[PDB]
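Two forms, one protein chain; structure tokens for each follow separately as structure 1 and structure 2.
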Structure 1
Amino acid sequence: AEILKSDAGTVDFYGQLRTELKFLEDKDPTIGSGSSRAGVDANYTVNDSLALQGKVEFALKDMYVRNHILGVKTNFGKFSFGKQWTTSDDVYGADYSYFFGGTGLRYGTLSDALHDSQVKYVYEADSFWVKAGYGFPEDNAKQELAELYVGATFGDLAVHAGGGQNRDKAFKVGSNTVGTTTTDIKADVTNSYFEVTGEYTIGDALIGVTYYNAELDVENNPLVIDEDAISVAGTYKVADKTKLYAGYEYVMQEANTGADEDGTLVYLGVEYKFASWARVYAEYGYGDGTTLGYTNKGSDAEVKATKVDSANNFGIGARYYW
């Protein structure tokens, strides 16, 4: 990106402007959900064995801090402190969409993929890696979080596995009205999760599969909910500038009361790159059934718990990068 400074030190000014139109079943078109941002990333190498990083990223709305990081890289790994995305969000899984996928990735149900005071660790060797994180609860003002993932690449097959636990002692589930007493439903909820992923590259094709489990339990309550999830997705480079993509996502939710639900999400889309600094995309999404909540990494959208009936959805977008 825009190198302001460069030597043993570099200062990089970077960002994205986005314009996105969303057409959701039974709604008027929405313009302006596009997640634009701008930041600065400063790096300095002290020697062969030690480097420092300072990064800050703001949303372009009014303006507010998205990430704010101090980093220390050493021969025994990299340690990063401050307001960061979760390690679970960085590793992600087999969702290749720009708008509607991610329903089978179950790490974000409570956290929305962010904790304002974390320490994150990364170790890399050859093709092999370890990534971990911990969130400081601040005498209960912030959630509890602890995560660990490992992965490697063996020829054309890349694999990873891991997970964690995320606790929110006062999570807002929703609201109830009984006569004229309207009241918030809040609970002490823990989300415990684990996943395995494989991604296979063959020529112009990429195919991925992710399995996820999660367990939601409530501290002073017999209620437990288990989720079992599969995501099957791929991409295909049909020309130098042009990539097609598609996925199928199925999730079953089972409560210890015996209540069962499930949800299906299918997407198909196309990406076109004008240049390294410009691209556009268009996507169709078909949803049926239930989600307890998910995050689409591509667009940064959060979808709260919901049920839909045979819903047809479309998105179109364009981005500028520097």
Structure 2
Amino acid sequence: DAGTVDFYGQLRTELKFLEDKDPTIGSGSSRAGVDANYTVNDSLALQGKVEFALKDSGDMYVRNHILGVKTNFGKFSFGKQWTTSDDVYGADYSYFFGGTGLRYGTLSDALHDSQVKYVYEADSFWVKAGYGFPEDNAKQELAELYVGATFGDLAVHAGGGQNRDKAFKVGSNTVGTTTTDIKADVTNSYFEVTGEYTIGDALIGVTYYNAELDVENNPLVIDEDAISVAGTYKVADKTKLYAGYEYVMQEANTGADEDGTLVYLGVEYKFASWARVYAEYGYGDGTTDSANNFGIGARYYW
């Protein structure tokens, strides 16, 4: 190996039916990119990776750009990246409607444009951490730390962190005729424990998430407790069924409570490593009704 250059990509096309909403067709979250890896010596490799996505607006942007340094002490990755909390993720096995019980992304949307992320893998035991450099009060603050381990057929992880947006859009303000965004200074603090159990052709995952949204210079404080119970079952050769139940409750320090349930059931056929097809129903519900959703998609990879 001198190093490799890998052009890669994913063509995604999806049809979505959201209850009491107009169906959509599209190719958002289609990706294309370049992953270059260069070996300097037997204890130091470099990575440059860039990934372009499609938006849904036809506009094409840089979804990720990464400089990686691989050493005998883990990888350090700098640049615009998904959060460590997003890499670690949790017991959401959906393609369309799940993941409501994973609370790390409320402000960050799983992205920070200027982080350093760290990864150390030992013998079925790992550590992942990340720091988002705040700048010009455009870049949010982020600090994250997760640990995981595998014990036979049981894989576990825990961790969390804290994410602050000093100018987060929470709504809109109209005085007389002029309209301006309402920004708040919000901190999301969160912690998570996940266990995933492999039992034959079945996988069962449970994730507990806790979070607190704390506004600065404003009394509001919202606590969130979330559980996700999900599973996949190999029914045929390249066919998994999957399903999940997600419950989150939010309790505001002002006494207002909200909660929401999301259930999903679907099927995945992995034709080959480069193509897959999937379909899924979602039943949503919560205090404020009974949304019924359906989605079907296909992916080509290169």
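One-based numbering along structure 1's sequence throughout. Here, rigid core means the biggest group of C-alpha atoms that superpose within 1.5 Å across both forms. Residues that one form lacks are left out of the comparison.
Looking at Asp112, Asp156, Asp184, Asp226 after a core superposition between the two structures, you find that only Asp184 has a C-alpha shift of 2 Å or more. Superposition of the core reveals a Cα shift of less than 2 Å for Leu70 between the two structures. Once the rigid core is used as the reference frame, the Cα position of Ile31 differs between the two structures by less than 2 Å. Once the rigid core is overlaid between the two structures, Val46 counts among the residues whose Cα shifts by 2 Å or more. Relative to the superposed rigid core, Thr103 shifts its CA by 0.5 Å between the two structures. Once the rigid core is matched between the two structures, the CA atom of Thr19 is found 1.0 Å away.
In this core-based overlay, residues 45 to 48, 176 to 185 form runs of three or more whose Cα positions differ by 2 Å or more between the two structures.
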